[PDB]
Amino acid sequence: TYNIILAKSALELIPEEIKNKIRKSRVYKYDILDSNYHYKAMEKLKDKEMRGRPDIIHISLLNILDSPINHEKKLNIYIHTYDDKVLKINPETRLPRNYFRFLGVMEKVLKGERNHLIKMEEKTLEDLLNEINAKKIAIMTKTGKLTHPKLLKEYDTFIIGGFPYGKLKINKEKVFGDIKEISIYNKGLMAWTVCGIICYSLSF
């Protein structure tokens, strides 16, 4: 099996820090940080530029969950969040295609309510890698070594940034497995495209 991880993902409950600046409305009734609705209240938020984009996770998961490699039960799926929660997504999860419905599911999971298909734990990215015994880790990034996807089969673990803008940073000395930075294209792609390219390279 392969592990696929969307890491430092822009999927969080609204940070206490800024709840005071959030005026609630009926157009958006979720406690999930979303820049489309909280852009102002996020102005002085640390790393604001990489937070508040849950649709990156939604769209990527729609791609991952439906991929042949996942239908063949050959994937382990994890969402690691900006604030160090890890969601293990059961391969048979039926993810709502509706964005708001999606937010509703995630809101409950992140608040610790039980979900037999999506397990949540508090955990750093590095600890996750060690506990699943990731051995050869490909960190996907447009600034890594250009690499043909037919070579991706050589790694057992793939990490894709689940965030809008930035670069994925990981503490080498805290990870037992070997980490390699890998680009599969010379332009910046969206996260779900990268997830798709990985999944399909694993089947074909």
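So that there is no doubt, residue numbering starts at 1 and follows the sequence shown.
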**Asked** Mean C-alpha B-factor higher for 37-45, or for 150-158?
**Response** 37-45
**Message:** Quick check: 60-68 versus 47-55, which has the larger average CA B-factor in the record?
**Reply:** 47-55
**Prompt:** Looking at 114, 101, 88, 85, which has the highest Cα B-factor in the entry?
**Reply:** 114
**Item:** Position of residue 27 among the chain's modelled residues by C-alpha B-factor, lowest, middle or highest third
**Value:** highest
**Request:** Just say lowest, middle or highest third for the CA B-factor of residue 165 relative to the other modelled residues in its chain.
**Result:** highest
**Asked** What third of the chain, by the recorded C-alpha B-factor, contains residue 13?
**Response** middle
